[PDB]
Visitor: 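Supplied in structure tokens, the structure appears directly below.
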Number of protein chains: 2
Amino acid sequence: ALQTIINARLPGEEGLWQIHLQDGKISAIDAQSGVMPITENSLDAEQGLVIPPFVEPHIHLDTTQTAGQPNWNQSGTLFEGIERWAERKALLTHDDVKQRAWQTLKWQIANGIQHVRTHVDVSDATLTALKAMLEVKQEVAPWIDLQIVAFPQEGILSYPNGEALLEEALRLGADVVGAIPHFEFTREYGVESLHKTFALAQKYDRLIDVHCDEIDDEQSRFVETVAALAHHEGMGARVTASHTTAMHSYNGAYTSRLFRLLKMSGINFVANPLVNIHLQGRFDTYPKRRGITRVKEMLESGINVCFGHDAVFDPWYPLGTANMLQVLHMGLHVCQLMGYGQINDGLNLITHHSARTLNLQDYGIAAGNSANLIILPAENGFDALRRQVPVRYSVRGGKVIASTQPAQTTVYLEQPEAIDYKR
Amino acid sequence: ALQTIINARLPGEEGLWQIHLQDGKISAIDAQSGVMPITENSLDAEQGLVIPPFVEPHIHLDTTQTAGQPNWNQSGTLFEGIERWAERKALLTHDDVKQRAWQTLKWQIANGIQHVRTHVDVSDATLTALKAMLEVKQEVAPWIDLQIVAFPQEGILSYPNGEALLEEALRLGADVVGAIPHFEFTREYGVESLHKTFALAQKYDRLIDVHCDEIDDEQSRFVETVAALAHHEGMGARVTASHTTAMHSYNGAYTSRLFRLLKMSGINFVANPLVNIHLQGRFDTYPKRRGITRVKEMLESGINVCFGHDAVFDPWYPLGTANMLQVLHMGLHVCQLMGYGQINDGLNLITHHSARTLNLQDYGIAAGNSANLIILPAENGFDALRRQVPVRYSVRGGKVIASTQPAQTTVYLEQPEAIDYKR
Ligand SMILES: [Fe+3]
Ligand SMILES: [Fe+3]
Ligand SMILES: [Mg+2]
Ligand SMILES: [Mg+2]
């Protein structure tokens, strides 16, 4: 079994490091004064970057891999996506959900993602997707720790037996309580749904992740209730507000007032760059707003924010390979976090900040933690992001669970020359 | 020498095709009724997609590869970029420009780009970068047909001897006349500069490519003069309006009136997604506009529009590997061209439409044309874009000039499994 990771670079640290492994955990981390020789039981990072696993804080595995079945969304709109999904209803079975969820999970394993939070639609009396996902969670456990959010897609108060189904999902084992206040029939139902959501989370000791204000409506301010209730219950760490795209459209004075509460509450925020840029701003003609939440300002204020892929190869987002560096690339551009340091520190948005959002207790390259880490063939976060590098090795419990042999590019000039896209 | 390309898929066509080569040209193209066996002198596309070479219609090779030298742009702003570039002035020499231009050109060759249009700053009495680029053009000719735009970055009428230097650049061999009307001191200088630009293009029989209305100013309408002058001279095919980001902010009524002229004029448009999303909208707080020209509407109106990378690894854009599928990916998202067909047809924005913009006369997979083509290991444009595939082979004059052995990813579950990110 592997005993050491050598010649490792670490974010924010100078030089090379050696990570000692014992009994599936990191026993010690020591600096090196030079390059160490390879040997049996040593995994050579080759001066590449070693980081804790990538995290997917927000994805919908119940709808993944269904784009084009039976027809393609040709307009690319949300409306048509709903219709295309409805045409596939006859194929939505227990086995179908498991098969598609596993397909995307395999892409995630290949992409060094060892933690995934999936939302599952529970506005279905049969809870078909949920039952399937609970089995998938057990099956994929050796490679990925999967959290399941009971997501009442059609609303809690605006759908028949919505609250009862949400609670049933928790009784069956869902890890997180979801909600969608802006989709409820009225603002009052929206606020009330949040009180019910928090009551359920406290009753069952579960986390909370609300699809919050995902709409270009400057009056959609459910985020203040999410933050206020979290602060009241002293449970900010266990709470997440996903999307909050409406915040992109708030006036600055209200946003400034709100930010004080957001910081005090300690809640987490998830932005989904690939889907937000695609689905937001659809009611604008020109100019067209970007529609991503205030990521830059959150970072400047010390508010925890991270990035999710949201959807992969489905009616609402036809693209994706479940790659977090790709999600990060889109977010840095749309949020204008393009300074060198902002880009370099970007890795935090798909690693540490996301681990905090999932309330993970065993995460990070530190003595005592499980030996879960990945190796990127790049010098730092900036380099990894610029070159969209693959994951050279993914290690879990001190064992390699994924590896990618890099592509080899050659140009034939007066003489053949290898191209690695580095200067 | 290669005699045939077999098992090739072609955009918009059904089945597989065989492309016969003779004397460096495509002699004939015949459909296949099944998979053909490989053999000596046959390049097997392996049911991958064969297309004419990728094109880079807008890049700045004179500033490429300079990010972080001597310092990094930490704010990521245009303003700081100017200051960071100024700090490197002592390193701006003939050899330095050639070295950096060649570095990016090699990345382009590796990425299947055989046609490149580079703008070169000619607001320099010594014309240092231009002299260097003219040598680079000759040196890279076996692999890339490089067009040089004499770009008067500081203005034609607003910079000392600006017009004289622009003409000197043409007398030295620049292929295209550039301009930047919105940067001139006054609207009047802007309009006058365009008359001077067109006069020079007609005097020397050169193409035109204007950095046009690259500013979030709803009153910046120099594009109407570019189109009107082209129509008057009957030279639309030889004219290009780069950027036109101001169009993102025009009212709809004026835009509708303008579009009639744009279509009638026949001029070309270049949008630069990666840089536009980064540099536009910087004077907005929230909401923030996207700032890309009206690509979707141009396509719907039959107006030729294409995508450029603009900058690579410099003070104005720190990222990039000179990859056109990456540029396309960003543009499809920001312009909301996310329907299946829109994404699949996306390849036109980095191939055929760009060739038209460069007024290329030998481009496309057709009998009689030079055997210049590339092979993507994907089923169609949608697949190539989704998976951000590399260029398996780049062929020029019937000879392989670049090749990429794909990365190999394996996940170790109960048994090892190869992952190709296809469903
Ligand atoms: Fe979601
Ligand atoms: Fe430019
Ligand atoms: Mg969604
Ligand atoms: Mg520029």
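Read the numbers this way: they start at 1 and go in the same order the structure lists the ligands and their atoms. Values below: all heavy atoms of this structure, side chains included; hydrogens, waters and symmetry mates excluded. Numbers restart at 1 for each chain; the letters A, B, ... are given by sequence-line order, proteins then strands.
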Visitor: Check the pair A:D209 / A:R117 against salt bridge (charged side-chain N to carboxylate O under 4.0 Å, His left out), numbers first and verdict last.
Guide: CA-CA 10 Å; A:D209 191 318; A:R117 170 177 284 177; 2.7 Å; yes
Visitor: Return yes when at least one N/O/S atom of A:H211 is nearer than 2.8 Å to the Fe ion (ligand 1), and no when none is.
Guide: yes
Visitor: Let me check your reading of the structure: within less than 2.8 Å of the Fe ion (ligand 2), is there an N/O/S atom from B:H243?
Guide: no
Visitor: Do B:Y317 and B:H60 have side-chain atoms, one donor and one acceptor, less than 3.5 Å apart?
Guide: no
Visitor: Please check: side-chain N/O of A:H119 versus main-chain N/O of A:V210, any donor-acceptor pairing under 3.5 Å?
Guide: no
Visitor: Please confirm if an N, O or S atom belonging to A:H60, backbone or side chain, lies less than 2.8 Å from the Fe ion (ligand 1).
Guide: yes
Visitor: Quick one: do B:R238 and B:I208 satisfy side-chain contact (heavy atoms from CB on, under 4.5 Å)? Show the steps, please.
Guide: CA-CA 6 Å; B:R238 296 158 57 206; B:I208 291 172; over 6 Å; no
